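K.L.:
I would like to see how this sequence folds:
(11 chains, ligands or ions: 66)
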Amino acid sequence: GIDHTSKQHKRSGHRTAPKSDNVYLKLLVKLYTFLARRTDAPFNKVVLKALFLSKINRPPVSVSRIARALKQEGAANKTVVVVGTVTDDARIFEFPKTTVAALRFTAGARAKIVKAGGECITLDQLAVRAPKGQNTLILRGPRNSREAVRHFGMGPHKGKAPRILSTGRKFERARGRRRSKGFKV
Amino acid sequence: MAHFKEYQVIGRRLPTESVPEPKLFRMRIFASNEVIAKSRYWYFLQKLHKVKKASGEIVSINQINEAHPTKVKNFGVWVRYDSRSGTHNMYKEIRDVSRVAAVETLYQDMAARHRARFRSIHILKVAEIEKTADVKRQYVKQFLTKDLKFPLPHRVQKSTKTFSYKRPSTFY
Amino acid sequence: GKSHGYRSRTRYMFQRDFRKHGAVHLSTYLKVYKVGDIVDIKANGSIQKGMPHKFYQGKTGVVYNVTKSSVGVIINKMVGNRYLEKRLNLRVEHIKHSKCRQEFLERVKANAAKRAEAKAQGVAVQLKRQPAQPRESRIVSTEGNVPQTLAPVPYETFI
Amino acid sequence: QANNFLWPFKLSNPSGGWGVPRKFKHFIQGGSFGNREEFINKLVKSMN
Amino acid sequence: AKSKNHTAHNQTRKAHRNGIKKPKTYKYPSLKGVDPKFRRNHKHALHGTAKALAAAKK
RNA sequence: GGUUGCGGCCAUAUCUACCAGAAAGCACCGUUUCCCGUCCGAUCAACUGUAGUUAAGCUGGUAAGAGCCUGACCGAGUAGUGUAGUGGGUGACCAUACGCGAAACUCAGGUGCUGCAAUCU
RNA sequence: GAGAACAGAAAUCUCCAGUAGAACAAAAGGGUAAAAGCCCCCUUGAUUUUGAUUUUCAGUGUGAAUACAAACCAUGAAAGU
RNA sequence: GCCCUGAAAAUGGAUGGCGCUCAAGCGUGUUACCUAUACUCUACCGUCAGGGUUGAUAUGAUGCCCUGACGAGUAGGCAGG
RNA sequence: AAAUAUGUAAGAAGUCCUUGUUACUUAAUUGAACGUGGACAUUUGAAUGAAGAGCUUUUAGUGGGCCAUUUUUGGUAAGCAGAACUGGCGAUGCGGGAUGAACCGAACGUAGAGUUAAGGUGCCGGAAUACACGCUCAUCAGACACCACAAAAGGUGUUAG
RNA sequence: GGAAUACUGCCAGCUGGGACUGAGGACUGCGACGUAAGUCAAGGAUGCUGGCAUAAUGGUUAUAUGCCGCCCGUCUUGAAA
RNA sequence: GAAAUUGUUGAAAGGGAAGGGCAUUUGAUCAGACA
Ligand SMILES: [Mg+2]
Ligand SMILES: [Mg+2]
Ligand SMILES: [Mg+2]
Ligand SMILES: [Mg+2]
Ligand SMILES: [Mg+2]
Ligand SMILES: [Mg+2]
Ligand SMILES: [Mg+2]
Ligand SMILES: [Mg+2]
Ligand SMILES: [Mg+2]
Ligand SMILES: [Mg+2]
Ligand SMILES: [Mg+2]
Ligand SMILES: [Mg+2]
Ligand SMILES: [Mg+2]
Ligand SMILES: [Mg+2]
Ligand SMILES: [Mg+2]
Ligand SMILES: [Mg+2]
Ligand SMILES: [Mg+2]
Ligand SMILES: [Mg+2]
Ligand SMILES: [Mg+2]
Ligand SMILES: [Mg+2]
Ligand SMILES: [Mg+2]
Ligand SMILES: [Mg+2]
Ligand SMILES: [Mg+2]
Ligand SMILES: [Mg+2]
Ligand SMILES: [Mg+2]
Ligand SMILES: [Mg+2]
Ligand SMILES: [Mg+2]
Ligand SMILES: [Mg+2]
Ligand SMILES: [Mg+2]
Ligand SMILES: [Mg+2]
Ligand SMILES: [Mg+2]
Ligand SMILES: [Mg+2]
Ligand SMILES: [Mg+2]
Ligand SMILES: [Mg+2]
Ligand SMILES: [Mg+2]
Ligand SMILES: [Mg+2]
Ligand SMILES: [Mg+2]
Ligand SMILES: [Mg+2]
Ligand SMILES: [Mg+2]
Ligand SMILES: [Mg+2]
Ligand SMILES: [Mg+2]
Ligand SMILES: [Mg+2]
Ligand SMILES: [Mg+2]
Ligand SMILES: [Mg+2]
Ligand SMILES: [Mg+2]
Ligand SMILES: [Mg+2]
Ligand SMILES: [Mg+2]
Ligand SMILES: [Mg+2]
Ligand SMILES: [Mg+2]
Ligand SMILES: [Mg+2]
Ligand SMILES: [Mg+2]
Ligand SMILES: [Mg+2]
Ligand SMILES: [Mg+2]
Ligand SMILES: [Mg+2]
Ligand SMILES: [Mg+2]
Ligand SMILES: [Mg+2]
Ligand SMILES: [Mg+2]
Ligand SMILES: [Mg+2]
Ligand SMILES: [Mg+2]
Ligand SMILES: [Mg+2]
Ligand SMILES: [Mg+2]
Ligand SMILES: [Mg+2]
Ligand SMILES: [Mg+2]
Ligand SMILES: [Mg+2]
Ligand SMILES: [Mg+2]
Ligand SMILES: [Mg+2]
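P.N.:
Residues are numbered from 1 along each chain as shown, chains lettered A, B, ... in the order given. Ligands and ions are numbered 1, 2, ... in the order given. Find the structure here:
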């Protein structure tokens, strides 16, 4: 036998295709695992993985988060890639030109982009123009802005929000939530 | 412990700045191999001086061969041993043809008569009893009487097949 | 039934060192601490205020704070299968600067030297540490020192 | 680097046997374990 | 019926599966419970130097 | 080198007996109007530095001195101890193998080192 | 220990030795000598505000405790506490 | 040291049984020999891992090809059927 | 005053120079903290290993334990009761100890060839009625760890001292 | 004085007997021998010969024989109980 | 028109249970492949 020093038959724990069942998604993956095998360009390698990402690890990048990234020094002409949906954002009043390459554009976003005379490209059109991902600026959305993660790590002195249905005074604000009622948190 | 060789072992207290060239001690050691021999050396040495292997060095190991390996000899043997209930000095006499044969059967004898295993025995001295009549134990003296002869009565020949067609005979 | 108060089990831990009771000598107070200093901890039983708990006796930690009569020491204490961060408010009588680093610091200062001393000569350095190598060959002489031969000794009783 | 490159050798049990009737005492005590010095080649060869 | 009272048996086996995690270290730890007089000044200090490294890019 | 004032390490500085100490300094020492404290100007306060003394303090040296400090293959690789065996022994216990290793003992050497400022034949 | 009328084993007075062999509410163990013990003097910080920390720990609560911040005070020539 | 005495229990009975006495017993040594799901080499299965391969004009891209290591299992989890 | 255990440290989050910030702090631009600018690369600072490392969520069963060596408390003691560290059994078959949860050896995919472990080799039964030196004769001999018990005390039996 | 020999160790010295295996399926590599052309035991067996062409080999089955094998389910520290 | 369970017929085995595992003999029985 072998004094093992490591758990045997361990799965690497990384998605290795998407769990998604979409033809088109699978084709984009067909495209990119080819590019990733034959182009030593790191970008293709990153994109291939992002396609496997479940909906949660794909938060929506906004058009305003897009516009900001372009105010990066020396970055205003880059084509931003977003492996996920791209949402609109009325809060920005002035939007740049550029070229966003993404999985989905909401109606409002694709308009705002095109209204200022930009381009909305699908990832495969992106490939044909930038097979080594040249001149691309990859953005990801806020993963930990999810409502769920509020409640992660709930316990004393952690400050994390009860899993609670109804809220108001007299919903979990008394004994153990204030010095004058037993104790606090 | 097996079939012994005799070794001169030499060791000496690892040198130091204020004492380069420490003093060098020798032991003759009956062991079956040089590895056991070096062990035994350190064993008795820490029983005599302030050293241990850690802080000391074996300097030279050499097998000593019998001087006259086909000369019959009367060996006086001195031993320290542990019994179940105490420890005991003791003198035996062994007749053989080399100090190495002699120590083989001593260990044999000590084991057979006193139930002494190797761990529990200490050779004090083995030396050739030169002049007969300084031989003291009878079971040896017996074999010095002039013109010695004896029969070897009741001969048992080993059969090589299971069955025999004769009925044997122990004439000899 | 059982008892488990704060200084329980500490009879000889906090106890005072033979012939060394009394005032603490003044240098214990002239010593000076800054954040990041590594300190070893040992309780002075004569100083009851601001005293480490026994678990931190014998323990080494890093300074994180300095107050009028005290320093704050962080220690990692492992509770469970995990360490947690502990902050200790100690009075200066229970802390001393650690030497646990003096060999490092001395070695860096020197490693910087042997390097400059090398570099601006013609390289060849070798300044990592190395374990005890086994020793080399050697010729021991007999001249003045022939081997003395010992044997083992008989049983005796002196008593 | 040279020695780590070498994957741990995998010997068979000794052909001649072990010497000894019990392995788990020290060489010096008639056993098999420990430093047995130059007698390591006799063994390893019988297992290689 | 009485029953066992206490043991540590098997407890370090358990602690070692996932293994006594080394304590984890950060550059820039927290000032938690650091002297407030110090911390108050430290504030206005950092304000100033920041401002003087905004001056640097005027 | 001495001595003072403030020290650091806090007996190689402590303890017992005895002798020696130039110069300066400390000291003992004189006084009771004043601030001040006492049963008591002994302590403590003040005033003189004058009227006196090395007696004590202090400093140093002596002692097969007590103590304390150091060292050593002195005792001892001893006691004890991590590790091994389908080792011994009815047991109590004990050897052995690879390691770590005391304390007492005994013998020798020692008996304050030193920082800042002032002062001194 | 040695000394002083009544005065004795033990009253009160003095000197010498005294590493704590005493005392410090209480159990016991730590600790302490120009004090932490004994006598005296002045006092209320045993107060106000709200956090951090250590023990027990789930790193919850409670008890107890620690070092600071912001007050107002006490004492002391003062450093301080 | 071995042996003997010290040495008393209940159905007939256990060095495992037979039986063994210069042992087939006790102490010790030296060889050889027997045989585990263990070790070495090899085939096949499965698991995990690392490579390679969309180029049409034929058949699985969850595919095809190369290479390496690993395989006990209650309660229990998950997976492919 | 040990041995075994035990805290920290062995660098880029490092070392050195220059001299900014503040309401803290100093007699003092003195310090303290945080910085800007500059000097030095993998012998960049011990060993060995590393089927990589870090991180997050959620949930089962479990919450009667028992054994062995060593340390160890109560008890005359217990196949008794209670702790310490590890290794086990529980959850596990395989070879050995005739037998047997826990001892020894060794941990398991389906198989061939080899070699071994622990344990054996008169016959049961694979394997020397092998070699070698002693010892032992029992009118209740003895015969292999855990283990299935024997003691004080004696023998002019015999052995060696 | 001069040899031998034992013992231990080395040889990329030669050489006999015996057993199991023969995965892979054009070529591709690293080589070896040769003046050369070639050849080879160098990234996994081929050559030659015979017998049968069927219950012969093989499967299934019943029996016999060697060694082995306790009744499952369960609760339990522990069940063939 | 299953099973437990039964009668008959045929074949086998059986010294205090039977059934099971590895393996082969023996009987019975059978697929494939040859060309
Ligand atoms: Mg929100
Ligand atoms: Mg509270
Ligand atoms: Mg000779
Ligand atoms: Mg108690
Ligand atoms: Mg004192
Ligand atoms: Mg208090
Ligand atoms: Mg061989
Ligand atoms: Mg063989
Ligand atoms: Mg052979
Ligand atoms: Mg054996
Ligand atoms: Mg081989
Ligand atoms: Mg109950
Ligand atoms: Mg119970
Ligand atoms: Mg319980
Ligand atoms: Mg004078
Ligand atoms: Mg008056
Ligand atoms: Mg006066
Ligand atoms: Mg005065
Ligand atoms: Mg005088
Ligand atoms: Mg004086
Ligand atoms: Mg003296
Ligand atoms: Mg030990
Ligand atoms: Mg073992
Ligand atoms: Mg034992
Ligand atoms: Mg002893
Ligand atoms: Mg008390
Ligand atoms: Mg005082
Ligand atoms: Mg109160
Ligand atoms: Mg509660
Ligand atoms: Mg029996
Ligand atoms: Mg038998
Ligand atoms: Mg025998
Ligand atoms: Mg197998
Ligand atoms: Mg294999
Ligand atoms: Mg499995
Ligand atoms: Mg497993
Ligand atoms: Mg350690
Ligand atoms: Mg490595
Ligand atoms: Mg790796
Ligand atoms: Mg859970
Ligand atoms: Mg749970
Ligand atoms: Mg639960
Ligand atoms: Mg339960
Ligand atoms: Mg065990
Ligand atoms: Mg259970
Ligand atoms: Mg098992
Ligand atoms: Mg078995
Ligand atoms: Mg048995
Ligand atoms: Mg039989
Ligand atoms: Mg046989
Ligand atoms: Mg033979
Ligand atoms: Mg025994
Ligand atoms: Mg007897
Ligand atoms: Mg006798
Ligand atoms: Mg083939
Ligand atoms: Mg083939
Ligand atoms: Mg035919
Ligand atoms: Mg046919
Ligand atoms: Mg035929
Ligand atoms: Mg059948
Ligand atoms: Mg059976
Ligand atoms: Mg049940
Ligand atoms: Mg029960
Ligand atoms: Mg009908
Ligand atoms: Mg039939
Ligand atoms: Mg069959």
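K.L.:
hmm, stretch B:119-129 in reach of RNA strand H?
P.N.:
No. Judged by Cβ under 7 Å from any atom of the strand, stretch B:119-129 stays clear of RNA strand H, getting no closer than 9.1 Å. C-beta coordinates here come from the backbone N, C-alpha and C atoms, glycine included.
K.L.:
Let's verify the spatially most central residue of chain C: helix, strand, or coil?
P.N.:
Most central in chain C under Cα atoms, centre = their mean is residue C:100, positioned 5.5 Å from the mean C-alpha point. Secondary structure state of residue C:100, per DSSP: H, G, I helix; E, B strand; the rest coil, is coil.
K.L.:
Please report phi then psi for it.
P.N.:
Phi and psi for residue C:100, reported as degrees, to the nearest 10, are phi -50, psi 0.
K.L.:
Tell me who's in contact with it.
P.N.:
The contact partners of residue C:100, by Cβ atoms under 8 Å, 6 or more residues apart in numbering or on different chains, come to C:38, C:40, C:60.
K.L.:
What is the nearest of those residues to chain E?
P.N.:
Distance ranking of the contacts of residue C:100 against chain E, using Cβ to the nearest Cβ, places residue C:60 first at 13.2 Å.
K.L.:
returning to that earlier point: what remains of the contacts of residue C:100 if I keep only buried residues?
P.N.:
By neighbour count, with 16 or more other Cβ atoms under 10 Å in any protein chain shown, these hold residue C:40 as buried.
K.L.:
and chain B, which of its residues are near chain D?
P.N.:
Contact residues, chain B versus chain D (Cβ under 8 Å from any Cβ of the partner chain): B:1, B:33, B:34, B:35, B:36, B:39.
K.L.:
Name the nearest residue to the closest residue to RNA strand G within chain E, sequence neighbours excluded.
P.N.:
When scored by Cβ to the nearest atom of the strand, chain E has residue E:33 as its residue closest to RNA strand G, at 2.6 Å. Spatial nearest neighbour of residue E:33, excluding adjacent residues (Cβ to Cβ, 6 or more residues apart in numbering or on different chains): residue C:87 at 5.9 Å.
K.L.:
Assumed the one you found was part of a strand.
P.N.:
Yes. Under three-state DSSP, residue C:87 falls within a strand.
K.L.:
Next, give phi and psi for residue A:101.
P.N.:
The phi and psi torsions at residue A:101 (degrees, to the nearest 10) take the values phi -110, psi 120.
K.L.:
Bridged to it, which residues?
P.N.:
Beta-bridge partners for residue A:101, by DSSP bridges, are residue A:81, residue A:121.
K.L.:
so it touches residue A:121, yeah?
P.N.:
Yes. Judged on Cβ atoms under 8 Å, residue A:101 makes contact with residue A:121 at a distance of 4.2 Å.
K.L.:
Give me the secondary structure label for the residue in chain D that ligand 2 sits nearest to.
P.N.:
Proximity of chain D to ligand 2 (Cβ to the ion) peaks at residue D:4, 57.2 Å away. Residue D:4 carries the three-state label helix when classified by three-state DSSP.
K.L.:
Just want the residue of chain A that's nearest chain C.
P.N.:
Per Cβ to the nearest Cβ, residue A:157 is where chain A lies closest to chain C, at 12.9 Å.
K.L.:
Could you measure from that residue over to residue A:185?
P.N.:
Distance of residue A:157 to residue A:185, computed by Cβ to Cβ, to the nearest Å: 6 Å.
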